[PDB]
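Let me begin by presenting the structure, written as structure tokens, before commenting on it.
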Amino acid sequence: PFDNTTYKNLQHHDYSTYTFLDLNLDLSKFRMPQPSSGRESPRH
Amino acid sequence: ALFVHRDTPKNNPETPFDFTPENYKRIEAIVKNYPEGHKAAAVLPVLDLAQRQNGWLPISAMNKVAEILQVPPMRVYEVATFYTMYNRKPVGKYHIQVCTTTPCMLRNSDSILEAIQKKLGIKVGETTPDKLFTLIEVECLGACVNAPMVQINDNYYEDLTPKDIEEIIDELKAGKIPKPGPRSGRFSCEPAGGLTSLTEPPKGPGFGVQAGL
Amino acid sequence: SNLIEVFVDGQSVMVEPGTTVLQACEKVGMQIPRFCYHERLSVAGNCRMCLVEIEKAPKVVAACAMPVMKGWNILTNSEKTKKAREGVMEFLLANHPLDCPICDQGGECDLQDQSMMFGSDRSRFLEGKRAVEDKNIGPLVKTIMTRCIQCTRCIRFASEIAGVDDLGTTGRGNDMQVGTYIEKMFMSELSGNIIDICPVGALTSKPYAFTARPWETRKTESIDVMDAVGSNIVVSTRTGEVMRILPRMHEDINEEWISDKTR
Amino acid sequence: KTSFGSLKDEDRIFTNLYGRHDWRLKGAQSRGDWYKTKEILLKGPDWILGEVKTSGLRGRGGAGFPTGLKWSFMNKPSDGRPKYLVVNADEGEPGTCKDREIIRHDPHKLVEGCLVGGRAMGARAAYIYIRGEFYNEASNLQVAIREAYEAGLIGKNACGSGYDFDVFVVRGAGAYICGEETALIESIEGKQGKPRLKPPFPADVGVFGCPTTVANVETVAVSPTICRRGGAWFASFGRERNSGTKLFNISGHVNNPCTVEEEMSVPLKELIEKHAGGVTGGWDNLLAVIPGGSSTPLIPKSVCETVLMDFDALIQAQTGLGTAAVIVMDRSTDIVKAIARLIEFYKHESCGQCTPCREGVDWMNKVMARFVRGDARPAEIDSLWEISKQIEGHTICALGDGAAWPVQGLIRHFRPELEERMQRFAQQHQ
Ligand SMILES: NC(=O)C1=CN([C@@H]2O[C@H](COP(=O)(O)OP(=O)(O)OC[C@H]3O[C@@H](n4cnc5c(N)ncnc54)[C@H](O)[C@@H]3O)[C@@H](O)[C@H]2O)C=CC1
Ligand SMILES: Cc1cc2nc3c(=O)[nH]c(=O)nc-3n(C[C@H](O)[C@H](O)[C@H](O)COP(=O)(O)O)c2cc1C
Ligand code: SF4
Ligand code: SF4
Ligand code: SF4
Ligand code: FES
Ligand code: FES
Ligand SMILES: [K+]
């Protein structure tokens, strides 16, 4: 049924201090190979 | 409060800091978000990861982040002194941040700041002697319609009265964690006397999609 | 040729593409004031003393960093250019300490000289000034950081020409402090040239400190012999005694730098 | 059309603004998101730029630059360097909390907007520079980005269109100036958030040296709705050169402080008395309104009766629209204390790079802190006016402008109250 009274965004009550970084570690496999500037750093 | 560093026995380049191995995997994931040749772009997330590991930044996390990213250490010192989240001093376990800009001051954030002060016995900037609470006074946290509000390490505690923030500090002293939200009847940002908008059901897919698409 | 035509106070001048407003005004013999700009360092654009009016443009441009567009009339002596200069000199002198007699840069100070040439003649600052903690960067460069105007010629020299990357700005806002953030000793082979390019008395020569004063020195133009570079120097002397050694500009040798041994 | 506002729920772009529906992928698809995205990507960059230019969409960051004209600066062939969309999600403006609600409650709308916008400009990926204080919101956005990668909606072969597009979230670290686009670009690069000078613009030299567009959350998230519903639908709202819908953040001294989407050229009085429950103590209790966040100058109660909440009507009210974050101040307010706290914000949030902001914003804070007590003489109001004019226009970015402007609005509309503050200080302390 349709509902408009309950707050559906309850997932952030159970985020720890490493939630963002574990999600980035999970997402690191879904991504394209990064572009290269041809050098390792501008001091190279 | 000082933007120079002096070597103390608790904070020196021989203070032991090192990342945990799963933090090394998270640093690898951070560095693989940026182009080859600009590994120096990962200074802010890896230094924030060092702070989330250690609680604050001694000047061995700054040097380790400078080493594992191959950037000069002064360019990590600049970032750590520029941004206000990086704790260059060891803060308490619950680092309370009371917002006292104009939209929160208009809704009496001074009452909550006084309530936290007479609840903890400390003032702005001080840490409780059991190292559980550090009270500071911050700028706009971006929760202005839920004013007055605080932040306790990750979480926004909103629409507060002094009784609400005393209850939050009580059940933080009990080892529990409170719910990060408004303390009034409302849920996130709606009007408290019912919705003035978005009361109809949403229209779903394909509603009003133009021709030629 | 692909030279574009620009105008400095209406005078036509043909400049290369990529020329900044300051260089286009330099080609007609006008020197725009500056504190952070230095023609051998990268462009900072963070003192706003070079703010000049382009006509039919309701905003002053940073002449050290803005490239000239074709057909611009640069107004170097207009009224809002002068208002920009006096306002920026007012903000430069707001927190600057009253140290001109006890300062070694006195008489040879850029901040003094173009406060005389471009600033106003009095203050509206009725507040308490700031005071910056002094840094210890070695036995050569005396550091009094209250006199710092945060022009970041330090950081650009030590990052680009000295190649050290160990000076920077810590803090934020009016509390932004130039330094090493740690008790570090900036000892490069060219480390005394930040004395030269500090426009103010925030970085002076610690051996030269308190001894002389620029108007009474006799500038003799000579050669370095400490190495085989043949660095062209000014030996400034006062009453038959050698006081210090400053560089001469020679684009083919030492462009305007010398080593610490020479200095 | 002459009267604007009373926006119906069928024209709301940001449905599930309040958290009442599912924010995740199955709930976002059931409200219209990710519908025919493959067709929008296959119709090309020029079609999407034409739909944004037709819509009259101006930049929701607060400056109101035209979005299609801005994004067309990237419509150019490559020069070896990659291209990037950078989504501005800092939102450090006091009064403003709208981008928090878009990221937190409609995240897939922001991710689909990243895909459509970065398609229109040939961008390789999207860097959402979210505010660091929005940690739960950033993890919320990361869960939605993982749901979009796992469904094939972004990443390799995004939505089945053959256009590869990644989406990254970079978190800030507590600097308001890192929402300024060049300072944000420098903050992504691992440096201090100090604004670059302009030119080079980000479309020429942006993040990492690459061609870049920095765009707000709200001007990005409305773009799939603009490309689905059409530009003419979006241009059917608001006045001409003032098109669309706008999120409004009514906070301060109102009965029901809320975030609401409303039509563009809505009156201020209609917005406050409809969606916020009115001013506390009635409309006669109104003293002044800061119309669109802390950077805009305030307007007194006499201007708030008739003025419309778009860009041009607030420019004619010698203020700005800004972030459209309405700060309402009643008659019980020491307005000098509120504006001086606002300038205290602007000196705590100032990176120190150029001389006029670094020095003059601290000097305006010292003068305003004396003006709260009245520890001054009435020549210093004109002194502070000229100091604000010296800061304004002479800085690198618009935080110098944004610090000079509330001082100017306070002086312009409340000089007699400043004068009587100072003269009662002078009589009871001498
Ligand atoms: N949303 C927020 O949280 C906040 C918003 N603001 C707003 O920010 C505004 C100032 O921002 P700015 O970006 O400095 O204003 P505006 O002068 O620069 O320009 C806005 C946009 O237009 C682009 N643009 C303008 N002229 C251009 C040109 N010739 N070529 C290429 N691109 C061009 C800029 O790149 C920028 O992205 C203020 O009006 C204020 O209301 C201020 C503080 C916080
Ligand atoms: C000091 C300062 C802070 C700013 N902060 C933000 C911000 O937090 N979020 C934002 O979207 N724009 C911010 N802006 C405006 C941006 O410069 C830029 O105009 C905008 O983010 C992207 O343009 P858009 O309006 O077309 O989206 C800020 C501007 C200044 C001068
Ligand atoms: S640096 Fe210049 S203006 Fe400052 S005290 Fe020295 S001589 Fe005076
Ligand atoms: S010490 Fe001198 S050269 Fe260095 S930033 Fe300060 S004023 Fe500039
Ligand atoms: S005006 Fe202020 S915010 Fe802008 S570059 Fe200068 S110090 Fe930074
Ligand atoms: S003013 Fe306190 S959250 Fe924005
Ligand atoms: S000389 Fe151009 S700003 Fe310093
Ligand atoms: K000097």
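So the sequence lines, in the order shown, correspond to chains a, 2, 3 and 1.
Quick note on numbering: PDB author numbering labels position 31 of the first sequence as 62, and the sequence is numbered without any gaps.
Quick note on numbering: PDB author numbering labels position 44 of the second sequence as 48, and the sequence is numbered without any gaps.
Quick note on numbering: PDB author numbering labels position 48 of the third sequence as 53, and the sequence is numbered without any gaps.
Quick note on numbering: PDB author numbering labels position 315 of the fourth sequence as 323, and the sequence is numbered without any gaps.
For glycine and all other residues, C-beta sits at the position ideal for the given N, C-alpha and C.
Does DSSP put residue 6 (chain 3) in a helix, a strand or coil?
coil
Residue span of the alpha helix (DSSP H) that contains residue 372 (chain 1), given as start and end:
363-381
Would you list, in chain order, the members of the stretch 221-255 of chain 3 that have their beta-carbon closer than 7 Å to a beta-carbon of chain 1?
none
Beta strand (DSSP E) runs wholly inside the stretch 281-359 of chain 1, at least 3 long, in chain order:
Listed in chain order, the beta strand (DSSP E) runs fully inside the stretch 281-359 of chain 1 are 294-298 and 333-338, counting runs of at least 3 residues.
At a Cβ cut of 7 Å, what residues of the stretch 88-114 of chain 3 count as close to chain 2, listed as they run along the chain?
none
Closer than 8 Å to chain a by CB, residue 34 (chain 1):
no
Exposure label - residue 51 (chain a); buried when at least 16 CB within 10 Å
buried
Three Cβ pairs or more, each shorter than 8 Å: is that satisfied between the stretch 132-142 of chain 1 and the stretch 336-348 of chain 1?
Contact between the stretch 132-142 of chain 1 and the stretch 336-348 of chain 1 is absent, because fewer than three Cβ pairs lie under 8 Å.
Mind checking whether residue 185 (chain 3) and residue 201 (chain 3) have CB atoms under 8 Å apart?
no
Between residue 416 (chain 1) and residue 300 (chain 1), what straight-line distance do the alpha-carbon atoms span, to the nearest angstrom?
15 Å
Residue-level contact to chain 3 via CB, residue 370 (chain 1), 8 Å cutoff:
yes
Contact residues within the stretch 143-163 of chain 1, judged by C-beta distance below 7 Å to chain a
Along the stretch 143-163 of chain 1, the positions whose C-beta sits under 7 Å from a C-beta of chain a are 143, 144, 146, 147, 148, 150, 151, 153, 154, 157 and 163, read in chain order.
Answer yes or no: the CB of residue 195 (chain 1) versus the heavy atoms of ligand 5, is any distance below 7 Å?
The answer is no for residue 195 (chain 1).
Is residue 275 (chain 1) helix, strand or coil by DSSP?
Strand.
Residue 61 (chain a) at chain 2 interface by Cβ criterion, 8 Å:
Not an interface residue.
According to DSSP, residues forming a beta bridge with residue 103 (chain 2)
142 (chain 2)
Through-space distance from residue 11 (chain 2) to residue 125 (chain 2), alpha-carbon basis
Computed Cα separation, rounded: 30 Å.
Can a CB atom of chain 2 be found closer than 8 Å to the CB of residue 65 (chain a)?
Chain 2, which has a Cβ nearer than 8 Å to the Cβ of residue 65 (chain a), makes this yes.
To be precise: take each residue of the stretch 110-144 of chain 2, compare its Cβ to all Cβ atoms of chain a, and keep it if any distance is under 9 Å. Which residues remain?
none
What residue range is occupied by the uninterrupted beta strand (DSSP E) comprising residue 237 (chain 3)?
237-243
Do you know whose CA, among 158 (chain 2), 92 (chain 2), 120 (chain 2) and 66 (chain 2), lies nearest residue 22 (chain 2)'s CA?
66 (chain 2)
Quick check on DSSP: helix, strand or coil for residue 200 (chain 3)?
helix
beta-carbon residue 187 (chain 1) near ligand 2 non-hydrogen atom, thresh 7 Å:
yes
Identify, in the order they occur along the chain, each residue of the same chain with its Cβ nearer than 7 Å to the Cβ of residue 69 (chain 2), setting aside the five sequence neighbours on each side.
Within the same chain, Cβ atoms closer than 7 Å to the Cβ of residue 69 (chain 2) are found at 47, 50, 51, 54 and 80, the five residues on either side in sequence being excluded.
Whole-Å CB distance - residue 193 (chain 1) paired with residue 358 (chain 1), under 8 Å assumed
At roughly 18 Å, the Cβ-Cβ gap does not stay under 8 Å, so residue 193 (chain 1) and residue 358 (chain 1) are not in contact.
Boundaries of the beta strand (DSSP E) in which residue 161 (chain 2) is found, first to last residue
Residue 161 (chain 2) -> beta strand (DSSP E) spans 159-161.
With a threshold of 8 Å, are at least 3 pairs of Cβ atoms found where one atom belongs to the stretch 230-246 of chain 3 and the other to the stretch 209-218 of chain 1?
They do not touch, by the three-pair rule.
How close, in whole Å, do the beta carbons of residue 72 (chain 3) and residue 55 (chain 3) come, if the pair is a contact with beta carbons under 8 Å?
That belief does not hold up - the Cβ atoms of residue 72 (chain 3) and residue 55 (chain 3) are roughly 14 Å apart, past 8 Å.
Quick one: give me the first and last residue of the alpha helix (DSSP H) that residue 139 (chain 1) is part of.
Run containing residue 139 (chain 1): none; DSSP gives neither H nor E here.
Anything in chain 3 within Cβ reach of residue 184 (chain 2), meaning under 9 Å, just list it in chain order.
Those do not exist, as residue 184 (chain 2) stays about 28 Å from chain 3 at its closest Cβ, beyond 9 Å.
Status (buried if at least 16 other CB within 10 Å, exposed otherwise) for residue 20 (chain 2)
With fewer than 16 other Cβ atoms from the protein chains shown falling within 10 Å of its own Cβ, residue 20 (chain 2) counts as exposed.
Taking Cβ positions only, does residue 431 (chain 1) come closer than 8 Å to chain 3?
Answer no: the Cβ-Cβ gap between residue 431 (chain 1) and chain 3 never drops below 8 Å.
Restricting to Cα atoms, I'd like to know which of 274 (chain 1), 268 (chain 1) and 348 (chain 1) is closest to residue 313 (chain 1).
Comparing alpha carbon positions, the residue from 274 (chain 1), 268 (chain 1) and 348 (chain 1) closest to residue 313 (chain 1) is 274 (chain 1).
Between residue 187 (chain 3) and residue 164 (chain 3), what straight-line distance do the alpha-carbon atoms span, to the nearest angstrom?
17 Å
Consider the C-beta atom of residue 53 (chain 2) and the heavy atoms of ligand 6; say whether any pair is separated by less than 7 Å.
no
Looking at the C-beta of residue 67 (chain 3), does it have a partner C-beta in chain 1 at a distance below 8 Å?
yes
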